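This is model.cif. It holds mmCIF, C-alpha atoms.
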```cif
data_entry
loop_
_atom_site.group_PDB
_atom_site.id
_atom_site.type_symbol
_atom_site.label_atom_id
_atom_site.label_comp_id
_atom_site.auth_asym_id
_atom_site.auth_seq_id
_atom_site.Cartn_x
_atom_site.Cartn_y
_atom_site.Cartn_z
ATOM 1 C CA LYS A 3 0.000 0.000 0.000
ATOM 2 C CA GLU A 4 2.101 2.901 -1.395
ATOM 3 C CA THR A 5 0.154 5.841 0.061
ATOM 4 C CA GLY A 6 2.536 7.725 2.373
ATOM 5 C CA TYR A 7 1.544 8.136 6.020
ATOM 6 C CA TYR A 8 1.404 11.907 5.929
ATOM 7 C CA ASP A 9 -0.862 11.729 2.870
ATOM 8 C CA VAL A 10 -3.049 9.097 4.525
ATOM 9 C CA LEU A 11 -3.733 11.613 7.334
ATOM 10 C CA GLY A 12 -3.977 14.546 4.903
ATOM 11 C CA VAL A 13 -1.048 16.460 6.558
ATOM 12 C CA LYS A 14 2.238 17.965 5.355
ATOM 13 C CA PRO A 15 5.514 16.185 6.293
ATOM 14 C CA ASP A 16 6.334 19.049 8.721
ATOM 15 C CA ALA A 17 3.108 18.335 10.766
ATOM 16 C CA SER A 18 3.410 19.141 14.465
ATOM 17 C CA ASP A 19 2.071 16.768 17.161
ATOM 18 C CA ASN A 20 -1.037 19.030 17.452
ATOM 19 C CA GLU A 21 -1.612 18.851 13.689
ATOM 20 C CA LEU A 22 -1.263 15.000 13.684
ATOM 21 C CA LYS A 23 -3.727 14.765 16.576
ATOM 22 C CA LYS A 24 -6.303 16.978 14.797
ATOM 23 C CA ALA A 25 -5.854 15.107 11.485
ATOM 24 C CA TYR A 26 -6.282 11.745 13.172
ATOM 25 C CA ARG A 27 -9.472 12.854 14.950
ATOM 26 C CA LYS A 28 -10.841 14.285 11.680
ATOM 27 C CA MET A 29 -10.158 11.042 9.754
ATOM 28 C CA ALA A 30 -11.413 8.790 12.593
ATOM 29 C CA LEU A 31 -14.669 10.716 12.484
ATOM 30 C CA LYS A 32 -15.033 10.861 8.644
ATOM 31 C CA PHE A 33 -15.038 7.160 9.258
ATOM 32 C CA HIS A 34 -18.057 7.463 11.458
ATOM 33 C CA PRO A 35 -19.818 4.202 10.263
ATOM 34 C CA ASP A 36 -22.841 6.472 9.498
ATOM 35 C CA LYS A 37 -20.863 8.326 6.788
ATOM 36 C CA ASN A 38 -18.603 5.354 5.818
ATOM 37 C CA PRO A 39 -20.194 1.954 6.693
ATOM 38 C CA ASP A 40 -17.530 -0.106 4.823
ATOM 39 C CA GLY A 41 -14.504 1.999 5.954
ATOM 40 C CA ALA A 42 -12.787 -0.543 8.278
ATOM 41 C CA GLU A 43 -9.627 -1.134 6.148
ATOM 42 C CA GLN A 44 -9.142 2.543 5.447
ATOM 43 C CA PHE A 45 -9.379 3.358 9.154
ATOM 44 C CA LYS A 46 -6.704 0.711 9.906
ATOM 45 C CA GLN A 47 -4.312 2.481 7.491
ATOM 46 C CA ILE A 48 -5.201 5.753 9.191
ATOM 47 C CA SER A 49 -4.632 4.148 12.578
ATOM 48 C CA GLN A 50 -1.267 2.796 11.436
ATOM 49 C CA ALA A 51 -0.116 6.143 9.961
ATOM 50 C CA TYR A 52 -0.937 7.949 13.216
ATOM 51 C CA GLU A 53 0.784 5.240 15.291
ATOM 52 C CA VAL A 54 4.020 5.731 13.237
ATOM 53 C CA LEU A 55 3.995 9.553 12.908
ATOM 54 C CA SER A 56 2.985 10.286 16.506
ATOM 55 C CA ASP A 57 5.991 8.289 17.856
ATOM 56 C CA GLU A 58 9.128 10.428 17.661
ATOM 57 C CA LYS A 59 11.480 7.443 17.126
ATOM 58 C CA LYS A 60 9.318 5.800 14.444
ATOM 59 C CA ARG A 61 8.708 9.119 12.781
ATOM 60 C CA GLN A 62 12.475 9.788 12.643
ATOM 61 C CA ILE A 63 12.956 6.377 10.938
ATOM 62 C CA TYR A 64 10.109 7.129 8.514
ATOM 63 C CA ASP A 65 11.578 10.547 7.630
ATOM 64 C CA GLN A 66 15.091 9.063 7.314
ATOM 65 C CA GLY A 67 13.591 6.530 4.872
ATOM 66 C CA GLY A 68 12.736 9.479 2.581
#
```

As a first step, turn the structure in this file into structure tokens.
Amino acid sequence: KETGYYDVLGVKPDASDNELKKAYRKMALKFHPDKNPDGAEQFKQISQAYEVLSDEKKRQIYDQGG
């Protein structure tokens, strides 16, 4: 799945912790099952992107990778 994690959350690569948090909440909610009934897989990708980017060590590895 070659969508980048920043893109998945709809943020720029310079996103602060606050901006990641906001983006994650916005995505999690767009995936309200009342807007997106079949959105389970997409929300796992979103969940995974946030889990990487919100961890300073994992995010450093991710950025180094680029």

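Residues captured in this structure file are residues 7, 8, 10, 11, 19, 22, 26, 29, 30, 33, 39, 40, 41, 60, 61, 62, 63 and 64 of chain A, according to the PyMOL selection byres ((chain A and resi 42-59) around 8).
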
When you draw a straight line from atom CA of residue A:35 to atom CA of residue A:23, how long is it in Å? 20.3 Å

Exercise on stretch 40-58 of chain A, axis-aligned box with 8 Å per side, report centre and edge lengths in Å to one decimal, as AutoDock Vina command-line options:
```
--center_x -4.2 --center_y 4.6 --center_z 11.3 --size_x 42.7 --size_y 27.6 --size_z 29.0
```

By how many Å are atom CA of residue A:25 and atom CA of residue A:68 apart?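 Computing the Euclidean distance for atom CA of residue A:25 and atom CA of residue A:68 yields 21.4 Å.
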
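Our summary of the geometry notes that atom CA of residue A:5 is positioned 16.9 Å from atom CA of residue A:66.
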
Given the choices A:20, A:37, A:15, A:3, which gets closest to residue A:65 if the distance is worked out from all atoms listed in the file?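 Checking each of A:20, A:37, A:15, A:3 against residue A:65, counting all atoms listed in the file, the winner is A:15.
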